[PDB]
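Letters A, B, ... are given to chains in the order of the sequence lines, protein chains preceding strands, and every chain is numbered from 1.
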Amino acid sequence: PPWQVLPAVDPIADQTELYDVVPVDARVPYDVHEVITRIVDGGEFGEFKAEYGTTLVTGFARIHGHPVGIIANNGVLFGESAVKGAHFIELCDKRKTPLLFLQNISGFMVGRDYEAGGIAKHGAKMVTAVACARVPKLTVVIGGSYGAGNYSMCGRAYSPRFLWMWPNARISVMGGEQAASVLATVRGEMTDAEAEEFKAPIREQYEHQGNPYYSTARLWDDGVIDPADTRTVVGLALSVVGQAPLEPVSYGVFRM
Amino acid sequence: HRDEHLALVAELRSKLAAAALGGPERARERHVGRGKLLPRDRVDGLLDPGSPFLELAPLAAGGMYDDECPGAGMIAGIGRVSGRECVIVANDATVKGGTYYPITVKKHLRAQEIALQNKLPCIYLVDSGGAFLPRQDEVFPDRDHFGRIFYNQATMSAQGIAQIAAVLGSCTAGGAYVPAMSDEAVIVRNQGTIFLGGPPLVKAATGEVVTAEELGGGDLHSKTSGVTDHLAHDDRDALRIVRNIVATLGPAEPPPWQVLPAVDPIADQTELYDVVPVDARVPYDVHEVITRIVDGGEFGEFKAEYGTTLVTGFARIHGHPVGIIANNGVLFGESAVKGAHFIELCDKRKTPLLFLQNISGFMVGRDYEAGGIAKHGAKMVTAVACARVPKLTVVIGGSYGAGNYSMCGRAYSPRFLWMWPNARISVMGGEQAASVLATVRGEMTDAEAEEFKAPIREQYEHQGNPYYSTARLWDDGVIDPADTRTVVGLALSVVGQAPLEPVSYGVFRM
Amino acid sequence: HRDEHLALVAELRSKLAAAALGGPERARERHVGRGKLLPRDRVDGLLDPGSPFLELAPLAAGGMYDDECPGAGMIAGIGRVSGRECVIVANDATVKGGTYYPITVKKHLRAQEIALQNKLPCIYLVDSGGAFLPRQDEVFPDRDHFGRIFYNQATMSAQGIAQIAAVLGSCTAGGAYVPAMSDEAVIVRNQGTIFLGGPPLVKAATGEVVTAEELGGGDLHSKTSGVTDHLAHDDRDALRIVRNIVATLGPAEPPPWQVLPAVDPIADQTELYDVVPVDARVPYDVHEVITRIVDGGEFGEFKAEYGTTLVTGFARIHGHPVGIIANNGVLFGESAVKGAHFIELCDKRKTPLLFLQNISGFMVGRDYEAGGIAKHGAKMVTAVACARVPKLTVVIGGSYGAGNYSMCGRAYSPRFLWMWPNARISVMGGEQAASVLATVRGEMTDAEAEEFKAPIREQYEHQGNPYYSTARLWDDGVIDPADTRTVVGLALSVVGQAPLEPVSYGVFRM
Amino acid sequence: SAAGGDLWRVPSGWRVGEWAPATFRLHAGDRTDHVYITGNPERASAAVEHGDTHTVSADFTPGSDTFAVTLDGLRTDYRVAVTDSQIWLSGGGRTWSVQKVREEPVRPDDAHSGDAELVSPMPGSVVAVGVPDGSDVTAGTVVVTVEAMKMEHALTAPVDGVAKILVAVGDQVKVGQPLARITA
Amino acid sequence: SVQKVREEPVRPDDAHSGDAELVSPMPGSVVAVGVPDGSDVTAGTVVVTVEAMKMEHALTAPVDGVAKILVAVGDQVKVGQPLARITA
Ligand SMILES: *C(=O)CCCC[C@@H]1SC[C@@H]2NC(=O)N[C@@H]21
Ligand SMILES: *C(=O)CCCC[C@@H]1SC[C@@H]2NC(=O)N[C@@H]21
Ligand SMILES: *C(=O)CCCC[C@@H]1SC[C@@H]2NC(=O)N[C@@H]21
């Protein structure tokens with residue numbers, strides 16, 4: 001490997017505790033630190049910018065002795081979260097540390113003050129960092145994976161060295177409830193019994209196409225995995241991806 | 001504003017004329033009476049007919065050493081010799097016998113730094129009486145003291161940057177390594193002398209009496225020791241031989257960027273006297289400068305509506321492409337982000353950068369620090385420090401504090417930096433210093449306030465003055481504003497002669 | 001000679017103990033009373049348990065600034081943090097509030113130069129009140145003034161040499177780029193404050209009153225601006241976080257050369273006090289030094305019978321291979337030819353070079369200049385300047401004139417240079433200067449000659465003293481002679497961490 | 001011994017000036033104190049905080065179950081065992097354990113370290129308040145629920161303390177808006 | 001006990017192997033002679049002192065033998081000039 005591998009240290013928890021802390025319903029918020037501290041060696045996690053951009057969690061850990069920079073969604077992406085992610089990816093790139101992306105992303109924060117703040121420019125900086133990073137990237141979709149959030153978190157188009165889904169995950173250009181609400185908003189006023197009849201086909205479409213088995217059937221991912229196997233799968237993959245040499249660091253123009 | 005600029009340029013040209021004479025007239029008379037060329041005639045006689053000559057720091061050591069060391073006793077600059085731009089360093093033997101003062105060392109090292117960075121052949125016209133012993137601790141032993149001259153000769157020679165010496169007079173102690181470290185060395189018969197220990201030392205150590213011709217004359221070195229490679233009959237024969245040596249070096253590399261035919265500017269360059277206030281407290285639009293110095297007035301501004309206190313855009317000067325970065329007010333966070341992005345564009349397009357400094361500093365206050373203005377400034381500083389393209393800097397106004405760093409001041413190694421005569425450079429402006437210190441001292445009567453502020457203003461005016469700057473080689477010269485376009489045009493042809501490194505940045509603090 | 005060395009080392013250790021305390025006791029009391037670690041306890045608390053610490057220039061600015069600035073207000077050096085050697089630079093907030101004097105800048109830049117040349121991570125413990133305004137023209141704007149610190153941070157970051165900051169107190173003006181230019185910055189909650197313009201400037205410019213905690217406190221930067229990456233509860237928590245950051249950098253590169261098991265020297269190193277005269281006028285055989293510092297006393301001398309005033313040969317120190325070059329008298333042409341050949345061998349064998357300087361200069365006289373001693377010297381200087389292996393220099397005696405250049409003085413960038421307490425450094429020896437100037441003034445009575453010579457001797461003794469040298473960073477420290485083996489042993493492990501360039505020489509004047 | 005003579009790994013505390021004592025903060029029984037050791041295992045000095053200065057010699061063998069200390073000239077041979085965190089020693093007719101412990105922080109906490117603030121993670125509206133204003137609650141207690149983007153962000157008291165509620169059901173709230181303070 | 005010993009040299013050293021010639025390290029002048037000519041000497045005995053470059057080079061005999069002195073106080077000497085010879 002181009003990085004240093006240490007002796008692996010057991011995690012502090014039985015990995016089926018992941019069944020307790022992650023809601024199957026993507027509408028229920030939870031703290032993704034509950035996942036991270038369970039999958040990493042010894043529970044040790046050095047968080048970077050812990051107080052800033054707190055809807056994105058970024059930090060250094062080891063998994064089976066391999067160093068990882070974990071990048072995990074913890075809410076909606078803000079501009080602060082995207083500049084945090086880009087800075088952290090630059091650190092991992094120079095330190096030769098492979099990146100682990102834990103996706104549960106609905107998208108970016110919407111509204112006039114966020115577009116005026118240049119949230120698209122900050123997202124573009126994170127997408128540039130992800131696309132140009134020379135270290136290996138691994139992606140686990142642990143929840144939702146929607147729209148430009150997919151692109152900002154190293155979805156399949158960014159050539160993560162592997163990508164896997166948990167069986168609760170969903171993947172589509174929008175969430176089903178977002179698509180149903182936006183189309184009902186374009187329909188305008190209608191009776192609730194008429195609104196539900198309008199929304200049901202949209203929900204059905206996005207549930208059918210977004211389902212993990214629909215994804216894996218088409219090789220959009222390398223497999224649905226049991227959540228409790230995540231630590232093993234990443235550990236196995238970390239031994240694989242160290243076997244290629246690194247290219248030099250090189251980025252496209254960051255839209256400052 | 002014209003008359004104030006005219007008065008400043010008249011003062012500049014008077015100082016340049018006084019320094020160009022070198023030593024006292026009796027010293028010039030003794031120099032010519034021994035049948036030598038004057039050091040400036042040696043330089044002019046080396047150049048191709050009518051060549052321009054971009055003199056490095058002609059007013060070095062001005063106001064230092066009781067003004068007894070005009071030009072720091074050295075003539076240095078870039079001229080065309082046998083069809084190539086060469087760095088010429090000539091000891092002015094009329095100034096204190098060519099003694100190296102601390103600034104003479106600094107100027108010699110700066111000339112070698114220009115030669116290394118631009119891959120220019122070095123020609124050393126050696127005629128020096130050695131170190132200024134009362135200040136030998138400033139001439140010797142540190143990293144940037146006299147021994148570094150020879151380290152530079154060696155490492156440039158390792159890169160194939162030709163090192164050529166002509167020994168036109170005395171060459172003693174460590175100075176004997178200037179010819180001996182050269183790839184090819186000329187010595188003038190019956191006045192050039194080289195020795196590691198001269199007659200006074202030979203007498204003090206051994207009691208033997210020798211002349212400087214018996215000990216290490218040109219015949220001895222060219223026939224017997226082999227320390228020298230050509231024996232010249234006189235100074236003009238030495239310069240002829242040096243021209244023949246340079247004719248063997250082959251051509252310079254072509255620029256890494258595309259050069260188009262030069263298009264004339266749309267204005268007489270003395271119009272710059274009309275548009276730039278001498279008083280740095282008076283706002284003006286820096287576009288009035290840019291559109292006058294660029295070819296055809298064509299200037300493609302980047303992010304014109306954003307971060308409007310920094311002006312950034314593409315132009316040509318004498319057909320060379322330039323990315324101009326110019327201050328137009330206080331720096332905001334938006335301005336530094338704009339500058340960093342523009343520098344990334346120039347780096348990828350291989351376009352050299354021109355910085356026009358007139359910077360008071362960054363915007364101050366709680367909402368700006370909360371907005372992370374320091375982080376955006378640091379992104380601009382990272383881009384400036386890491387940029388692989390050549391950088392040129394002209395200080396057209398103020399250059400204060402951290403704004404100096406964001407705008408590629410001397411610490412960032414621009415290939416050249418020049419001052420206009422109205423410029424000022426200090427850790428802060430004099431009025432800012434006086435205001436902040438008065439605010440710390442607290443409430444005082446206006447007649448007491450002026451008495452407190454006057455020494456501070458005097459300090460920052462004395463140290464910030466561009467002649468104080470240039471005397472210490474903080475810049476490569478004070479230039480007439482109307483010459484700016486020519487100075488940059490000459491330099492753009494020089495800086496294209498080095499190949500580019502690959503693009504590489506430090507971590508941007510996003 | 002033992003008693004004279006013991007007296008000199010007692011003086012050294014007294015000076016080191018006095019400088020190690022930092023500022024006045026009332027300043028230390030006010031520092032600790034605010035719940036801070038003292039700057040030296042910050043450094044010691046950063047290191048791995050019991051780590052050595054190779055302090056850079058502990059007596060910097062000694063005898064300067066009325067001795068108001070002990071250690072130049074900075075602690076700098078190499079220590080082991082999380083299993084790596086790191087350069088630590090810590091502002092001594094007890095010395096004038098950590099104000100940067102001109103030597104403080106020079107020491108900071110030297111620490112960064114060491115980190116760049118040896119690929120060592122940089123840790124900056126930041127707590128500084130800014131520039132010393134009365135000498136701001138020596139702190140700002142030149143190439144090696146304060147703005148160069150950030151140029152060093154950026155370009156080292158481009159090379160992947162980690163730049164880590166912990167903001168433990170004030171951090172103002174351009175100093176705000178020390179955190180903001182670092183790859184990863186820690187700030188202590190309710191202590192660290194970062195701003196490009198502080199409360200006095202905010203008040204003078206806008207009339208707003210702010211505290212340094214509202215303007216740029218640790219909460220603001222860690223939660224809102226993002227200028228900082230970690231929020232620490234106190235100094236110990238900050239040092240813990242820095243250790244965790246360094247633990248992510250991975251290992252150092254293995255040496256280019258083979259390291260064997262270290263073998264003890266055959267002597268107690270205080271035996272060096274017996275064999276080296278303090279009086280440089282007394283000759284001694286430098287083999288008496290070499291065989292005491294090398295592993296097992298094994299020393300394979302190269303050209304032992306030729307050029308015998310220079311000793312050259314292969315040894316090991318702490319298992320590292322080393323090529324020792326040591327003066328043993330006046331340099332002859334044969335000695336410089338021998339040295340150049342030996343350096344070529346070390347370059348091809350990838351063997352570090354150790355220079356033990358005790359050099360008066362070259363041999364003087366007509367037959368030596370006719371023999372080309374200047375070109376043989378130039379060949380040795382070319383080899384020294386162009387050598388690609390690490391060079392270390394210890395000045396164990398005199399270091400005068402061109403002999404300083406042949407023996408890899410400071411101008412040649414040895415990775416480290418240290419002085420013994422008996423050393424002297426000057427453009428010439430004090431007695432040589434007195435003799436040559438007396439010979440030039442001519443015949444004098446013995447009392448008239450002594451009255452003429454006394455001021456010259458006083459000048460060269462005052463300027464050549466090793467504390468005068470170290471106060472100005474001309475060397476990296478005065479060391480106890482008996483520590484020489486350890487210092488070199490520590491440095492040999494540091495300098496192996498950079499990869500070698502290819503072999504490349506300038507033209508040897510053959 | 002583990003340093004193997006590698007100068008940078010040997011815990012010598014070497015300095016140009018006065019060497020730094022190798023420093024251990026140790027807890028045993030009811031006593032926590034620093035031990036400062038200078039010298040080398042063959043001949044050292046050790047000083048204890050609130051204690052005396054003693055001559056030390058230490059005879060360590062790699063992988064041995066026995067370790068010998070000559071303390072002020074009294075040689076005692078100890079059975080020793082070590083974990084990640086405790087040193088167990090038996091000798092001289094007694095047996096004990098010692099823990100290596102962290103340094104104390106140089107700055108003690110203000111009582112504000114017992115206090116906390118809850119801030120809205122999203123812009124939205126308060127849909128429930130779970131706790132009466134100014135009441136004692138435990139760190140398990142949901143204090144305020146904000147709805148944003150059809151997600152109920154139920155915010156839990158991070159500490160035991162008196163919870164003061166700053167909002168009413170139906171209030172619109174911004175990102176980072178304080179919704180409650182909880183105090184010791 | 002058995003010792004592994006280094007191989008014996010293939011030529012025995014000639015009788016001159018114990019002799020030493022003391023040569024001036026510098027050009028200068030003789031300022032003292034430390035032993036009477038033709039005496040026995042013991043190693044570390046100062047035999048001749050040359051002053052050169054305002055330094056005194058006191059040359060010891062490296063070996064015991066008959067020390068023969070080749071110069072007188074006040075003689076100027078070149079580099080490498082034999083000043084004394086010690087015969088085993
Ligand atoms: C309700 O059905 C609308 C949900 C979708 C809007 C929210 S806004 C913030 C997130 N970013 C995005 O694109 N969708 C999410
Ligand atoms: C009067 O001189 C008040 C000081 C004005 C200084 C201005 S404020 C904004 C810039 N930042 C700085 O340091 N100087 C400039
Ligand atoms: C008396 O001081 C004469 C000088 C003696 C010391 C010498 S001579 C030869 C060396 N070369 C030099 O320049 N100084 C040294």
Could you tell me the separation between the [atom1] atom of [X] and the [atom2] atom of [Y], rounded to the nearest 0.5 Å?
X         : Y         : atom1 : atom2 : result
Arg107(D) : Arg34(C)  : CZ    : CZ    : 11.5 Å
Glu103(D) : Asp234(C) : CD    : CG    : 11.0 Å
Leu7(D)   : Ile317(C) : CG    : CD1   : 11.0 Å

**Q.** Side-chain touch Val16(D)/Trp418(C), heavy atoms, less than 4.5 angstrom
**A.** no
Q: Taking the side chain as every heavy atom from C-beta outward, state whether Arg15(D) and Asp44(C) have any atom pair closer than 4.5 Å.
A: yes
Q. For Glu152(D), does the CD atom have more than 12 heavy-atom neighbours from other residues, nucleotides or ligands under 6.0 Å away?
A. no
(Q) Can you tell me which of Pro21(D), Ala3(D), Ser12(D), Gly13(D) forms the most heavy-atom pairs within a distance under 4.5 Å of chain C? (A) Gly13(D)
**Q.** Proximity of residues 12-20 of chain C to chain D, residues having a non-hydrogen atom under 4.5 angstrom
**A.** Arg13(C), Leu16(C)
Q: Indicate yes or no for a side-chain donor-acceptor contact from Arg236(C) to the backbone of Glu104(D) under 3.5 Å, with no hydrogens or angles considered.
A: yes
Q) Backbone N or O of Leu490(C) within a donor-acceptor pair of the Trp8(D) side chain at under 3.5 Å? A) yes
Q. Taking all atoms of both residues into account, what is the closest heavy-atom pair of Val106(D) and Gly35(C), and its distance?
A. CG2-O, 3.2 Å
Q: Measure across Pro11(D) and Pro49(C) and return the closest heavy-atom pair with its distance rounded to 0.1 Å.
A: CB-O, 4.0 Å
**Q.** Residue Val259(C) versus chain D: region with a heavy atom under 4.5 Å
**A.** neither
Q | Contact class of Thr23(D) relative to chain C, heavy atoms under 4.5 angstrom | A | neither
